[PDB]
Every structure is written in structure tokens, then in C-alpha cells.
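# Provide a 3D model corresponding to the input given below.
(6 chains, ligands or ions: 1)
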Amino acid sequence: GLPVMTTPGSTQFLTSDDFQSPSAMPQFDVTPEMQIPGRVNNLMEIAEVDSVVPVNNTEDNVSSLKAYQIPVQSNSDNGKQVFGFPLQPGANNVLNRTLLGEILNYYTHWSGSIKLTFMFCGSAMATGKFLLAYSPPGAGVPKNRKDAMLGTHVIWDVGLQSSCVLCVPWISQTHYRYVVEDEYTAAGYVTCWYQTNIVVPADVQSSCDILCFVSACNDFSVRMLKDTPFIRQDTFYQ
Amino acid sequence: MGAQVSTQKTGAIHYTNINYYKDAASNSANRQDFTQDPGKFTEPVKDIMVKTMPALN
Amino acid sequence: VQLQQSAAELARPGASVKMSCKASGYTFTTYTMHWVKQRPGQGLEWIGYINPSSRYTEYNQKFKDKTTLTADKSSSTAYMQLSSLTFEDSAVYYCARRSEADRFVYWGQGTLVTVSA
Amino acid sequence: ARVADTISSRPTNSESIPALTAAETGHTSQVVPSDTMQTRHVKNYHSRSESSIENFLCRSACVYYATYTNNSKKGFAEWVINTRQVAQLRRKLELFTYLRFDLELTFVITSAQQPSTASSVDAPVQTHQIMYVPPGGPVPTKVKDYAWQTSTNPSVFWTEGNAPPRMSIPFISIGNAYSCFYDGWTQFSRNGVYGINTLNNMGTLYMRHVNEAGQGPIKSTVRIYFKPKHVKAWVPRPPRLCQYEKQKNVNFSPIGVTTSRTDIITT
Amino acid sequence: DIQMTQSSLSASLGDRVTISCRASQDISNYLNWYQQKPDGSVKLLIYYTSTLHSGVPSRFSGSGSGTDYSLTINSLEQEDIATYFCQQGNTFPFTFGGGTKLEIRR
Amino acid sequence: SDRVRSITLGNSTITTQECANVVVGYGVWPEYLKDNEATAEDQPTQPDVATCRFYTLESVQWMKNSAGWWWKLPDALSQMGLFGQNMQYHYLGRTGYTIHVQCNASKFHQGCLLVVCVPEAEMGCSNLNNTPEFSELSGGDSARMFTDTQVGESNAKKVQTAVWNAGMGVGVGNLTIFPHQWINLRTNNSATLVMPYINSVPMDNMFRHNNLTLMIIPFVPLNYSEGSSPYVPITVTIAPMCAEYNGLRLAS
Ligand SMILES: CCCCCCCCCCCCCCCC(=O)O
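Numbering: from 1, shown residues only, chains lettered A, B, ... in the order given. Here you go, the structure:
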């Protein structure tokens, strides 16, 4: 009889413990392993794959394939805006349901850079130049192209290579941010503007489209796992 | 008596464990097996493309 | 979570009437909303539903030409319009929200629609 | 599992184009922010430990709860074992096509007093039995049945007031991995059932009060918790958007892609 | 359309009440039971053949298989004086049964 | 140039002149089954010149109001040559594929297709209580097509073909997690995918299990101005790679 003394926390069930427990089927012989293609070891290999983001949520486009197409035409003024949304990858409804924003809703904190790829799905005889900007918080949303060129921008010339990458950087005061909507950890805005026009020849349609993708860089990280707010239940599935 | 001594999760110390049961399906979880090979989902492409070079020659 | 219907109505035979079901306490576009009719000398009777995300309505084969269901994603409201009102259309109408498969967990309180002259 | 850190960058004027790519190749671009702007040298100490497949999945989740009553003939519970009746563990397991893990299985048993009419009820502690029946064995049809002898079927006994019971289960499968999805039929004639119900053959789990009904009825409830250990996972799958409808199949009613805003330039 | 045939039952307080309804063909254990109070509010009682919804007392019990089904209250109280419908979820469209109103014996 | 390929398999050849790269699987190439991985004891058949060759399916027309198409993959080639005859006489079989989707238009047309190959794509039924019948799930080398609207619940055994849920209840923009490729008419002309054998068992019956699905979905619709050619077809050719069979019996 070795003398022991039991501490608080005895005979409790904490659902995230790590103990050993006796097996119910002793000396069971399991099936040998197989080489199956596509083994995932970390959930940050799924978030680094880019998926199409629905920028065009206009209340009659969400139940169609028109949510993904960004309309681009040939104008008569200059400096117009194409799109714009805030950079909240887990609270803003544009980036909420993508392949990166669905992993983020299982976690509480996030940090790292974010890639944004744009593909020009027009005709091969159409030209154009765009301005893809990102502005850190503190002021408002940029209302002109003149206010948007003062931030982190890139100028995209369409041609043989049909894609361009705008890489937003990690500019934050803290090391991490909140996935939920917090004004203390706001992240800024992403806008797009016309640099020059879309110039097409005769017998070519002047209205084009643009697809947008979003992934994560190699310094992306997540923290503090929780339950997603998307799936729900009342009674048992039977 | 066995007694694998491994290092602890810390920020920028050791712990001890013994296995008590005869079945390997009754140990603890792994929790410290960190492996990353993301190139099979982000670069599933036969010919290797360099980042600074153009994609289509 | 509760569904709040409008008040009771009255109409002439041949006119039209429009009900309401203001849903609150949950996300409106996630679930479909169904309409059930109960005459005072009969049992319950299913009319149709509407998908609020895509405005897709599917009716029963008896209420196909009289009923028109509609909704708006802004004010979280679902409307139902009855047309060519006869005396058979005097009943109590419920709005319910379908859940896992065929179960209606949340109901309204009902509106009394009566036709007369 | 430390993440990559950023290197310093200088102004460039060259014929190298890291920002221009081609997305039609099915290839995700490997650019860093030190290719499109001037950066400083930071060294990141952030780790990717909390996003591993072991840390994501090895947490206890409730999969069922069943009730049974003392003062009743054939008051006992049964459950055909699956993972498709709750919404939260079904969505986490269905991010992958194939899985392979051990289990850790915890039960939480509670009781309630039912409205008897006898004066001054006073009961002892209740003892419960949970018997697992592999596919093919004999099943109980009442509370005092011969099938509760448990000569080879495993079972646990538990007295109320102690720590909850807990076992461990190895990878019990016919194939080389568990399947979450199955695009096929049982019959070779392609009739009958279709889907993941053809591969689900895991057994039944029975529950009863070992004590006899003294003077008042007692209604008990047992909750079942699953915890995957030693996890392997292959072929990731996009997360489910629509709500789940049934258990045996993957049917849905169609929903919009995301929620809507008023404009394309609104923030 | 599946015909769901169920009119007015009477029982004293504190007794066993049994309400039954019969389908036209097999509905494969897909039955639901509802309760309409005399003020006009409906709520779900039993969302399968036997499974109780959360918030329903343990007086209620469901059974049945195949075509014939039943609903049992083991101790009648004053709150259980209402109208009880049964509903099938096996075939388009949803069909409900007729009511069955409970009343006091003498 | 990185824009030209030439694939040779058996007595068939595919040449292309503008193309993206070729996408290979999850990084792995098809190969025969090993000895420490096998479980069936009799010797397999490896005919490998008579079955591993390019088979061309029927062509579909890309219209302006077009939603998408799909094929279930070891079922489209079930009446194709000596590949569909070995499937009838044998009980087991395992096979990797190479898929070549081809769609050409001028420099005055525009549009964009997503060519994705998804494993174990269980489809959903229109009526929430049933499962879809076999003739609605797949045709023999004929495309089943998506819709821009929702199928009604009054249909008993049909497939729910609202294209934005991809038939499986997910987001259609998230389908870029499978091995995929785009056909942009501005840049591209064709898409080539190489798929290995993916299953949880080393061999399987090829008649009650479809382990691959090829979807082609137009994200940006086809457009042209008046005078350009209105008829634009899409053609799919599939070649088995490293196919083998066990369990020879009567013809079924
Ligand atoms: C202590 C006695 C009871 C023992 C009970 C053993 C229960 C076996 C559980 C089998 C696990 C089923 C895995 C589901 C497959 C999936 O991942 O979809």
C-alpha cells in the first residue's frame, strides 16, 4: 500500500486530454497500409490552394455562376472603379466561404500574407491596364484613383500572360488578428481601378470578365481552434 | 524501464512517459508530428516552372 | 427564434389578399418556408414552399394557379398571395420552417382569412 | 513547424516578372511579398502546430444520445454505430475522402426520477451495462435476456457517481482506410441502395439498467463521445455548403454561394 | 398522395391514452406527431416513430411499424387536452392526418 | 516552346500547338500494382497495347446559355473496344487515366471553362428521400448536363443539377482543390490531366463503382459578335494507363 494523495481534477472528463486507456479488442490485427495518392499532413496545405472568390454578390447573382464574374467594359471617362471590399477573410461575406475563409472559421487567430490572383477572361484582341491597390486602415476607403495610388499598388498590363498577382503584406501592430469582426484589428481595403481603357477592334465584344482567386503565402498561420458558425442542427439526421 | 524522455511545447524542458498496455492502439495521441509537403497540391505539374521566368514560352 | 404572421383579413369573393410571415432569430436565407392551410371542419393541408436564396417556389398540384409565394432577403419577410377568392378559401393559414427532412419545428400563429359580402 | 521568414528587398528594374503568371496551368503561384515591393528582414517564430491533422481531429465530440426506462419491460436502448447523425463531426470528417484512425470512446450516463405514486422512495446507486454486438451475433430482445451473458462480446459495467467509462478501439476495417464517400451500389445490377450506406457495417450498441425496478421508475440517458487518435488522411474535399438533410445519403436543397451585399464597390 | 387515416377520444385525468393513425402504403418509419393547443399554436412532439423532440415531457411515447402507428400518453394532465395530427414525410407532397381531440370523460 | 506537346499511347497520337502545362495527379504517375500491396492471388492480365490507347467520346456543343457537363469515368469506356470487353469478363480491375479535353475558337471569341477531375463524386437526388437512378447518373459516352435552375422535388428519382452547388452540395468555386485546369480561349486551346489509381482498396469492380468524375463547367460564358462562327464543340479523349484485371469468369 503505497501512500498517495489525489489532487483536484480527479474523475473529470475534459474533452481535450491526452491519456492512455485499455483496449476493448486485445491483439487485434489491423489491415496493412497502402500508398494512396494525396496525403495531407497539415491544414495549411489546403488554404494555400487558390479558389475563386465571389466578388459579385448583388442579391440576384448569389444563386448562379454570375457571382464570380467581375464585369469590365470599354468606358468614355477614365479612372473608374471596378470593385472594392474590406480585407476580412473570415467575417466579410466576399471571402467568407472560399477555401481559405472556410478553414479560418474553425480558428480564432490568423497572421500572414494573402495572395490575390486575377485572370482576364476576355478576347485575345482586347487590351487594358488596371490598378490593383491595397490601403492600410486609419483613413477611410479610397474614393479616387488618386487616393488609391498612395497605398500598396501594382499596375497590370494584359497580354500573353493573362494573370497578375497582388500580394498584400502583413502590416499590423499585433502579431495576430481576430477572425471575427474586430475594429481593433482591422486590416484595410482592396480596390481596383482603370489605369487606361479597354480598347477592342471592330466585331469584338467590348464587355469582358475577370476572375479572382485567393490563397495564402508560406508565412500564414492560425491559432485557437473553435467550432464553425456555418453548420447547424435541430433534430437528429435520420 | 522504457521511459521515453521527450521535449515540451514552449515559446520563443522535458517530460517523461511510459507505455502501460500491450496494444499500440492504446497509447496517447501523437500531437508533435510536424510534416509539410504542400507542393503536391500547389505544384501538381509535370514540367517545373521557375517563378521569375514567364509561364508560357 | 419565432415567426410572426400578420393580422386577420377579410375580402370580397373574387378579390385578392396577401399574408405575411416575418421571421427573426435566425438566418432567413438558409431554410425554406412552407405554408399550411387548415379549414375549420378539416385537417391540415400543405400548399407549397419557397427557397428564399433563389426565389424558387414549388406548389401543390391543387393550389398551383391560385397561390403565389414571394419573399425578400432584405426585410426577412415571406409573402403569400391568394387570387380568385371563393368560399372554399376561408381557413387559417400557417407559415412553418422545414428542418432536417420533413419536420416543421417552428410554426407561426396563423391568420384568419374570411370571405363575405 | 516554423513558418518561412521574409528577406530584405531592393529596387529592381529587370526583365524578370514574378507578378505575371498564367493561372490556366492549374498551378498556384509561389510569390512572396519581397518580390513585388521593398521589404525588411523579419524572422518569424510562428509555428504551424495547431493546424495539424492530429490537432484538428483529436477532440471529443458527441455522436448520439439515447434513453431507456427502468419500470418497463423491454426498456433498453440500441444504436447502429455511425458518424452521420450530428452536424459538427460529420463536417470535420468529410473534408477528406479517406481516413484511418484509432478511437477513444467515452460515455456520459445520467438519470432522472419519474413520477411514481409510492410513498418514500429511496434507491441505491444504479449500475448500467453497455454491450457491443459485432455484425452477425445474437441481439437482445428484452432486459432479462440470455444475450447479456457477454461470453465473447465486450461490455462495460459502471456504477453511478464515479468517473465516466472509457475504452480504446483499433482501426477495425476491411479496407485500407475508412471511406466518407462512396460512388456506387451494393448490387452488381446497379439497383437498390446507392452511396455510403453500402460500406457501413460496424455493429450495434445496447444499453440497460442492471438493477431491478424497486419502487419508482428511473429514466436514464447515455451520451456517446468519439475521439480519433493516430490519424491519417488522404484526398482533401471542399467543405459542405448546404445543410445536411438525411443520414444515409448526401441529398440537399440548393442554396446560394454566399450572402449578398448591395454593390460591387461597397465596403 | 398517401392517405393518412386517423376522431375524438375521451379519457379521464391520470390515465393511459392511445391515439393511432394508419397510412395507405408503407412509409418506412417516417412519421411525425404534432399538437395544436386550443388557442391555435402548433408544436412538434415526436419527430420519428419514437424520438421525442427537446422540451417534450416523458409522458409521450411513439411506436408502430410499417403502416400502423400509435401515440401514447401514460398519464393524462390538463395540458395534454389538445388536438393531435400525424404527418408522413415519405412521398411528395406532405399529407397530414385528421385531428383527434381529447376530452374529459364525465 | 512550352506550348507544344505530343502524347503517344499505343497506335494513337495527340498533337497540340497551344496549350498549358500537363497536370499530373497528386504528384504521382500511374504504375502497376506491387507485390507487398496486392491481395488477389491469381495472375493478372496486362494486355497494355489493346486497352491503353486514346478513345474519343462524343462531342457536345458549347452554347451561350450552357451550364456544364459531366462523365463518370470507368463507365464511358464500357463499350469502347477491348477495354470494355475486358471489363465484362473479369471481376476486378485497376486503371489510371490521361484525359485530353480540346476546344478551339478564334481570337474573336471569348470564354473560360474549368476542367476538373473529382474522385468519389456522390450526386444528390431531387427528391430528398430517394437516391438517383443509374440512367440519370451516367450515360455510355454521352454527357449528362447541369442546369442553371433547380430541379423540382416532384421528380422522384433525378439528379439535382443546380450548377452552383456542383451536384454535391458544395461551392462550385472551391472545386480547384482537385486536379484541375482551365481552358481560356484567349490563351489556351486544350487541357491535359494525368490521374493515378485512387481508392481505399487495391482493386475494385468496375461496374458497381465509378471512382472518377470529369466535370466541365463554363465560368465565363461564350460570346462572339455577329459574323463569327456560332457552332463551337467540345471533345474529350481518354486513354487508360497501366490497366490490369483479375477474376476471369462468364461475360455478365
Ligand atoms: C466498450 C464497448 C464498446 C465498443 C464499441 C466499438 C465501436 C466501434 C466504432 C467503429 C468506428 C466507425 C468509424 C466510422 C467511419 C468514418 O470515418 O466515416
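# Enumerate every residue touching residue 45.
By default, I'm working from chain A. B:36, B:37, B:38, B:41, B:42 (CB atoms under 8 Å, 6 or more residues apart in numbering or on different chains). Where C-beta positions appear, they are placed from N, C-alpha and C, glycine not excepted.
# that's the other chain; I wanted chain C
Residue C:45 touches C:36, C:37, C:38, C:39, E:96, counting by CB under 8 Å, 6+ apart.
# Is it possible to get those out as JSON lines so that each row also shows secondary structure?
Below are the contacts of residue C:45 laid out as JSON lines (DSSP: H, G, I helix; E, B strand; the rest coil):
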{"residue": "C:36", "secondary structure": "strand"}
{"residue": "C:37", "secondary structure": "strand"}
{"residue": "C:38", "secondary structure": "strand"}
{"residue": "C:39", "secondary structure": "coil"}
{"residue": "E:96", "secondary structure": "strand"}
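# just the buried members of these?
Among these, the ones that count as buried by 16 or more other CB atoms under 10 Å in any protein chain shown are C:36, C:37, C:38, E:96.
# can you list these in a markdown table and add distance to chain B?
Below are the buried ones among the contacts of residue C:45 laid out as a markdown table (distance: CB to the nearest CB, whole Å):
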| residue | distance to chain B |
| --- | --- |
| C:36 | 49 |
| C:37 | 53 |
| C:38 | 55 |
| E:96 | 50 |
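# Which two among those are spaced furthest apart?
C:37 and E:96 (10.3 Å; CB to CB).
# Between those two, which contacts overlap?
C:44, C:45, C:46.
# Ignoring the adjacent residues along the chain, who's closest to the first one?
In this structure, residue C:44 finds its nearest non-sequential neighbour in residue E:96, 3.9 Å apart by CB to CB, 6 or more residues apart in numbering or on different chains.
# ok, what's across the strand from that neighbour?
On the basis of DSSP bridges, residue E:96 is bridged to residue E:87.
# ok, it to residue A:147 distance?
62 Å (CB to CB, to the nearest Å).
# Check residue C:39 too.
64 Å.
# Buried ones in stretch B:21-36, by neighbour count?
In stretch B:21-36, the ones that count as buried by 16+ other CB under 10 Å are B:23, B:25, B:26, B:27, B:28, B:29, B:30, B:34, B:36.
# Please say whether there is contact between it and chain F.
No. Stretch B:21-36 stays out of contact with chain F when judged by CB under 8 Å from any CB of the partner chain, the minimum separation being 14.2 Å.
# cool, and stretch D:212-232?
No. Stretch D:212-232 is not in contact with chain F by CB under 8 Å from any CB; minimum separation 11.5 Å.
# quick one: is that stretch near the ligand?
No. Counting by CB under 6 Å from any ligand atom, the ligand is not contacted by stretch D:212-232; separation bottoms out at 7.7 Å.
# Need the CA coordinates for that stretch. CSV is fine.
Taking Å, rounded to 0.1, in the frame of the first residue of the first chain, the C-alpha atoms of stretch D:212-232 are listed here in CSV:
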residue,chain,number,x,y,z
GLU,D,212,-34.2,-4.2,-10.8
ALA,D,213,-37.0,-1.7,-10.6
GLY,D,214,-37.6,-1.1,-6.9
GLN,D,215,-40.3,1.4,-6.1
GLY,D,216,-40.0,4.3,-8.5
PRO,D,217,-39.2,4.4,-12.2
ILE,D,218,-35.9,5.9,-13.3
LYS,D,219,-35.2,7.2,-16.8
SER,D,220,-31.5,7.2,-17.9
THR,D,221,-29.7,8.8,-20.8
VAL,D,222,-26.3,7.9,-22.2
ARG,D,223,-24.2,10.2,-24.4
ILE,D,224,-21.6,8.8,-26.7
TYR,D,225,-18.3,10.7,-27.4
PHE,D,226,-15.8,9.9,-30.2
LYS,D,227,-12.1,10.9,-30.3
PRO,D,228,-9.9,10.0,-33.3
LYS,D,229,-6.3,9.1,-32.5
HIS,D,230,-3.3,8.3,-34.8
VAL,D,231,-4.9,10.0,-37.8
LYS,D,232,-4.0,9.7,-41.5
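# mind checking how far it is from the chain centre?
Offset of stretch D:212-232 from its chain centre (CA atoms, centre = their mean, to the nearest Å): 17 Å.
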